[PDB]
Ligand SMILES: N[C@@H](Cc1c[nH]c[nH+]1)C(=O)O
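This document opens with one chain alone, in structure tokens, the form deposited without the ligand.
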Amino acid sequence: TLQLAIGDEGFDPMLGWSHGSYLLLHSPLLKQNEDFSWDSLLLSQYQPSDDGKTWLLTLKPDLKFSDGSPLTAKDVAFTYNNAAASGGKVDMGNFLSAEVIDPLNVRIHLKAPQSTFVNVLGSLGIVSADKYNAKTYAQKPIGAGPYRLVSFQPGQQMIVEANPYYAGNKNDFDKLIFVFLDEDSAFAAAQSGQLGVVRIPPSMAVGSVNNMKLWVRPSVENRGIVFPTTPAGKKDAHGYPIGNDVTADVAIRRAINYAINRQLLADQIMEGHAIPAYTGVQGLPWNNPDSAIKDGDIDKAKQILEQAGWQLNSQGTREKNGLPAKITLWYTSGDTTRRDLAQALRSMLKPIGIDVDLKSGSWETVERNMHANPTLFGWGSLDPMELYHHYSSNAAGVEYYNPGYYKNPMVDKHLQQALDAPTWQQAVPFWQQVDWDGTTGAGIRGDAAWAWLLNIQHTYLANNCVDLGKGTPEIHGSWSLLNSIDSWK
């Protein structure tokens, strides 16, 4: 037994993998290693075709779900076909269909080559063709994860037991209880010795708890400001304004990037539980290894602005051809740390004479303003596909992606070369050129489409006897701790 307080309450793999909770009870076909390569949990073999439009998957013969029913090609095919089912929350634009070849073999058909399809194999949990959404009386959820539901009490707790049919490696906890608490009850329960693990906010200045220690775990979770890259004038299909005449100037974006002191933001806002990020894929293999800069450099930021024609006007604000550098940074309301960061960003930019006003609202309000204004966002992903979402001209203005309508046809070309690669390892050099290819890019040396700021580290208090192990950096989502669950002792 172990009791954890890692966040509130779903577990349905068809809702996708933006959150980690599905991993308690379900399993994808592959699992990512700490070094970013893939291990097969459920497959003996997988192979893309040379044209890249076909993948063949071979299941191990001895697979069952958590109720003891068999996990077969049919289940994998159903899972993929159904996740692609039209009003689905999973992104399966490039996927066409999954065919059963025999009970141990599935062929996937894609519209075009996609090096990142390996990430879908390693993320989409496999559900039962027979049992998924059957709504049968008395039937618990059925998956192939390491645990199995025993009981669920909304607003209170969940109890699970080790899944005896699990294809992977068992940990040392036969039973887990996940309690759904508020921070104060969490700490009281932690001090009482009731809880063995508690997620705490990274921005908390945590002290000592009795018989507990602090684990700081790396994450892909990040923060950044995305800039409108074109000038004002146009509108989108809902009448929302696109462009900003100030941030359309690359000198502004570069200057802001150089002026911000990331480390200082880490130490002052996030209690040192963050690291500077200069790109949206900091720490990952597909990060360009020369994309970092020496920041918190007001002098250099100033030179940058002067050489591009931004001169201090009489009001102490930078100006170019009668346009003063007055911008509004929009961010989502309801989180005091996000406000703190927004304010810090204003205060760091005053000294170079860019006047940043602050505005928050609901998502719905932010949606209307995000194409006309620099906007603070939190992203982060273990999938390089994310670079395409940020920087492809085809992602421009699709939902929350590429809100700044950034378009650079060389970056499009490198994204496409990365998608065309035959392994993710062979894609890496092309993903890296997205930032900078010797001549152009999306990154600071090139178009500075963003001011990336930080990667957050996730923080947990754990009883002294608990080892949370290792894994990939945690996702940006709730229950992100579970990526390491097969290695708890």
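Position 1 is the first residue in the sequence shown; the rest follow in order. Here the rigid core means the biggest group of C-alpha atoms that line up within 1.5 Å when the two forms are laid on top of each other.
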{"property": "Gap size, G10 back to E9 (deposited sequence, no coordinates)", "result": "1 to 3"}
{"property": "275-283 or 391-399, whichever carries the higher mean Cα B-factor", "result": "391-399"}
{"property": "Mean C-alpha B-factor comparison - 356-364 and 119-127, higher one", "result": "356-364"}
{"property": "Per the PDB entry, maximal CA B factor within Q139, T336, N133, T79", "result": "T336"}
{"property": "Among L104, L419, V150, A301 - the residue whose C-alpha B-factor is largest in the record", "result": "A301"}
{"property": "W215 - Cα temperature factor, lowest/middle/highest third of chain", "result": "lowest"}
{"property": "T459 by Cα B-factor - lowest, middle or highest third of the modelled chain", "result": "lowest"}
{"property": "Within-chain third of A372 by Cα B-factor, per the entry", "result": "highest"}
{"property": "Among modelled residues of the same chain, the CA temperature factor third for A232", "result": "highest"}
{"property": "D62 - which third its CA temperature factor falls in, relative to the rest of the chain", "result": "lowest"}
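Below, we refer to the form deposited with the ligand bound, which is not included among the displayed structures.
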{"query": "Single option in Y278, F117, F178, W379 placed near the ligand in the deposited complex, where near means a heavy atom within 4.5 Å", "finding": "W379"}
{"query": "The single option of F152, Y400, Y405, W215 touching the ligand in the deposited complex, heavy atom within 4.5 Å", "finding": "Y400"}
{"query": "Interface segment, criterion being heavy atoms within 4.5 Å of the ligand in the deposited complex, picked from 371-379, 100-108, 246-254, 180-188", "finding": "371-379"}
{"query": "Contact label in the deposited complex: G477 to the ligand, heavy atom within 4.5 Å", "finding": "yes"}
{"query": "Non-hydrogen atom contact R339 with the ligand in the deposited complex at 4.5 angstroms", "finding": "no"}
{"query": "C-alpha displacement of 2 Å or more between the shown form and the other one on the rigid core, among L323, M92, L358, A232", "finding": "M92"}
{"query": "Core fit, then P289 C-alpha moves 2 Å or more between the shown form and the other one", "finding": "no"}
{"query": "Rigid-core frame, C-alpha of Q426, shift of 2 angstroms or more between the shown form and the other one", "finding": "no"}
{"query": "Flag for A144, CA shift 2 Å or larger between the shown form and the other one after aligning core", "finding": "no"}
